[PDB]
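Just one chain follows, in the form solved without inositol hexakisphosphate (IHP), and it is written as structure tokens.
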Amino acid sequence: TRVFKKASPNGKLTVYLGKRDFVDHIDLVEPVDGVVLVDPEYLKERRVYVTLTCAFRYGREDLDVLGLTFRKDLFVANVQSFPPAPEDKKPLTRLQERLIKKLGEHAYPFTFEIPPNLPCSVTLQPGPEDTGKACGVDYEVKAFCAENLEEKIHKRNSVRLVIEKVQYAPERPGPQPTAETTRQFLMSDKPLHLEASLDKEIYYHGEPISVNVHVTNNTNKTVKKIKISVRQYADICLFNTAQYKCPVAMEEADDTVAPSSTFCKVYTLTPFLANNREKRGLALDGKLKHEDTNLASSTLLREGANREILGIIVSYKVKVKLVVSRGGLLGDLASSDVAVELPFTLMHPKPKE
């Protein structure tokens, strides 16, 4: 068994973490267990604290706007490890007890209970080279030695490790995605009828996505092209929450549909990161540091939870758009569009033990 360790620049206090990936179950989040190793000789009268904070970054690292920091703290938890606080009566995890047994008597445990229904670790892709710091939600465990919390702490006396709060695909598949849209232009005849569906709701990263398109064009308007695209929606929730949109994959076929006819076809799409390196603000999965990441997994939320959850909430949809040729007595190059949306889930399969 191996555990992660990090030491302060002065090398006096070091903190031990069993793992750096914490699974976010909908009902509860896995506890953040760890042990900090200190020494009474260095700390004459100070008390060491461990703080777990959730940092959300609004914009670029440089302020350049009245000198204010675009960095919100969505959740901050604090605990006094040494001396052992008689206030908290939390038990000891088996990993924590093993760490205490392995380390000396100068090792003290800390545990964090992350409340449920919080944003996961998501980082926004900066696209072209503009900034040196990432932008997004992340979690970090910091342990520092100080006299009291309301005090500036030197960077030489504090450790800090980024941790990931991740979610995995649900063990059971859901209802098959399906969308329908009927449209008539000038009440000529029976309306155009578009039907689209996906083979399954939950897809994993790198798997192809099969879109079953079925069109019965009963009107007199010919369909020029059919465009299938996968779009990533990032609910960047804040004061006056907004919506970010980005086409991750696309396929614009030239399959025409004649009036009073039908056309059924299956289009296979695959969202991957090779062709999406130039899209600024694309939600990534948010690893520890600059490393191999992928498209951010769809955020799972409780159906009976609060809607105004700050951070980034990632979701994916498949848009099937038919561009119909427009023109009657006067022949122009204008066109109309009939589109449907098929929401699906993009996650990682649960690791097998």
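One-based numbering along the sequence shown.
Although not depicted, the form deposited with inositol hexakisphosphate (IHP) bound is the subject of the following passage.
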property: Candidate stretches 226-234, 210-218, 196-204, 120-128 - the one whose heavy atoms come within 4.5 Å of inositol hexakisphosphate (IHP) in the deposited complex; result: 226-234
property: Single option in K321, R47, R57, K287 placed near inositol hexakisphosphate (IHP) in the deposited complex, where near means a heavy atom within 4.5 Å; result: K321
property: The unique member of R277, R98, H106, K245 whose heavy atoms fall within 4.5 Å of inositol hexakisphosphate (IHP) in the deposited complex; result: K245
property: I153: touches inositol hexakisphosphate (IHP) in the deposited complex, heavy atom cutoff 4.5 angstroms; result: no
property: In the deposited complex, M250 touching inositol hexakisphosphate (IHP) (heavy atom, 4.5 Å); result: yes
